[PDB]
């Protein structure tokens, strides 16, 4: 009897320990064509020059800095308002990201910034999951607000390329909903300004966005214990101790 | 009987496999106000100019390059000794970290040094868990030594800002103790020299420390199996096979 | 009877849910001496100047750039062919990595590149597991193609140092094989050109490779459920329900 009560006490405490915190598992999934995200860039003073997509070409052809044109980009720019303060004005320009990963597709963005007083020049940017959901559905102006309140924005360095290789992670929370977040790693490459005339000193920006790997990481949180197993086990131990008592009575 | 012995062999092998290596789980938690950490710096010859804390103001006001002043930073500088070799004398400068996470308080630092024969510009730094533990408690001079031998130090570049976003990860080892480590990612933004445009070419540094997200990740290693469940299951299989043998005898 | 059928329904559904996706666990391991790995380089037109190993010296001695010599490096330079397109010929350079981890040996490389038409100067590089596997075993010319179609190559910026701290992550899949992949984070330090100050403006590169920590992270995917436990549990529940039926008959 004392053995039974100690066993049931330890079992119930173990079940409490198991239920108070779950376990986490990871998984991967391959996509034939990535859903094209949207990269949000705050031009601010800066003016775009050329947004180009390189679907399969290994090398970007040699360019001529300082001139606009060659805009083959799906762009949508509307002035907005920051919901974090609601009294400040934020302005953005939205583009469509790289689609196919099998053939490396990189979007190449040239940015020229006019002369400014600020010592450290950089342009902020932000990424959200998909572009078509922001383009067509209703009430997406507030979608930008909640996306920026949820997603995080990190500015890229102003002066040289920041080759951005992004990735997608889908965590499956158990309350009937899904969460998507973007993980990216950047690679800065110094640029030679000798070809351009740097006597003016006006900063020129360059950004390249790419898909790191076709696979997307899926993370699931698993509950490790169920009441049915414990109740069956304790019933079995009760039965076996009853059988032992019956044997002792037979003795 | 043979079924019983094979089942017990398989179960004991499974239990040994479960016991030899555990399974990890992750957890998060919110904090109202982060504990003020400490940032350890090794300026060398680079005497600093201005350490300022920006509780909510988004942007540091433009800083005149070179001229000192505006020290609103809790700092202390004491010459130390390296425990790794014990014959090399190294000096460190210690500051307190940012605290306000909801207002994302950031610390702004600056450095200046006359040109030397180092051929490069970089200042090493190191982070430990808290400042009040280094200040008030007894025998913290050796706390520097064992924290340095435990923590890892990475130098920041010299000539442009290195925006550091740090987060604290707490892993709960099972032997009645706890471990704290810092995970950080840096962001470098180029700095324009044309403002001062001097002929001396003296290096100027800029560092910004910040908290990434309020969430603290907790990692615990959980053992997947316990002997009580396995012993109860083997007792149950013994009982059911005994009942089958009794039924066969009745037959 | 209905209780039994619903319980087995829930049990079989839970077992299917456990079977479809397993759980993942992580582990660490110390090594007395890391195996010497191999670093792949694609200099192209940039003939290197000096490859040096700093077995224990914390500090690299002051150098005089612009002139070749002092090649104390285990190098193997060959011309290859890209299997991705199979009509492109690319040249590679192969060196051995650092070995000593307790003394944290670091490898120093200097590259000089003549002025090029490309507006952004960078040298791509790739990492594979070991050097003696490429050098001594048979048909490793195709091992280069295998590794470059398997491993990922990331270019380093040209003009300033890119201090690379690599680490080895060894995951072991369940179908009788293991996977080794390298995770690295770079640390760029600005390089001062005031020492030479030429009017040619030719590029100079510097790379330093070093092990991050002696620990090797090992990842195993663990199956969480096995048929023996659930079949024994359902047999036990069937037996106890049969006992309940016998008791009801007795009543």
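The values are calculated or read from the model by the stated rules, or taken from the named source; these are not laboratory values. Neighbour counts are summed over all protein chains in view; Cβ atoms, including those assigned to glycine, are modelled from backbone coordinates with ideal geometry.
How many residues does the stretch B:177-221 contain that are over 20 Å from the mean Cα position of the chain (by Cα), more than 14 Å from chain A (Cβ to nearest Cβ) and over 25 Å from residue A:155 (Cα atoms)? Looking only at that region, the number is 5.
Considering the stretch B:1-16, the residues that are more than 17 Å from residue C:230 (Cα to Cα) and over 48 Å from the mean Cα position of the chain (by Cα) include one that is nearest to the other protein chains (Cβ to nearest Cβ), namely B:5.
The one condition from (1) surrounded by 15 or more Cβ atoms within 10 Å (Cβ to Cβ); (2) within 30 Å of residue B:152 (Cα to Cα); (3) within 10 Å of another protein chain (Cβ to nearest Cβ) that residue C:232 does not meet is (2). Scan the stretch B:236-245 and tell me whether some residue there is outside any loop (DSSP other than H, G, I, E, B), away from every other protein chain (no Cβ under 11 Å) and closer than 30 Å to residue C:236 by Cβ. Checked against the condition, which is being outside any loop (DSSP other than H, G, I, E, B), away from every other protein chain (no Cβ under 11 Å) and closer than 30 Å to residue C:236 by Cβ, the stretch B:236-245 yields at least one hit. Residues that are within 14 Å of chain A (Cβ to nearest Cβ) and in contact with a helix residue (DSSP H, G or I) (Cβ under 6 Å, 6 or more places away or on another chain) within the stretch C:32-63 are absent altogether. For the stretch C:19-59, filtering for residues that are in a helix (DSSP H, G or I) and buried (at least 17 other Cβ atoms within 10 Å of the Cβ) leaves 0. Evaluation of residue A:141 against the conditions (1) away from chain B (no Cβ under 14 Å); (2) surrounded by fewer than 16 Cβ atoms within 10 Å (Cβ to Cβ); (3) without any contact (Cβ under 8 Å) to a residue 60 or more places away in the chain; (4) within 25 Å of residue A:47 (Cβ to Cβ) shows that the sole unmet condition is (3). Restricting attention to the stretch A:83-107, the residues that are more than 30 Å from residue C:153 (Cβ to Cβ) and surrounded by 14 or more Cβ atoms within 10 Å (Cβ to Cβ) add up to 5. Could you please let me know if residue A:207 is in contact with a strand residue (DSSP E or B) (Cβ under 7 Å, 6 or more places away or on another chain) and surrounded by 14 or more Cβ atoms within 10 Å (Cβ to Cβ)? Yes; evaluated as a whole, the condition is true for this residue. Filtered by the rule that a residue be touching a residue at least 40 places away in the same chain (Cβ under 8 Å) and more than 9 Å from every other protein chain (Cβ to nearest Cβ), the stretch C:17-31 gives C:19, C:28, C:29, C:30, C:31. Can residue A:158 be described as over 30 Å from residue C:238 (Cα atoms), crowded, with 18+ Cβ neighbours inside 10 Å and not assigned by TED's automatic domain parsing to the domain that holds residue A:9? The answer is yes for residue A:158.
Taking the criterion of being within 14 Å of residue B:220 (Cβ to Cβ), more than 13 Å from every other protein chain (Cβ to nearest Cβ) and part of a strand (DSSP E or B), the residues of the stretch B:156-176 that qualify are B:169, B:170.
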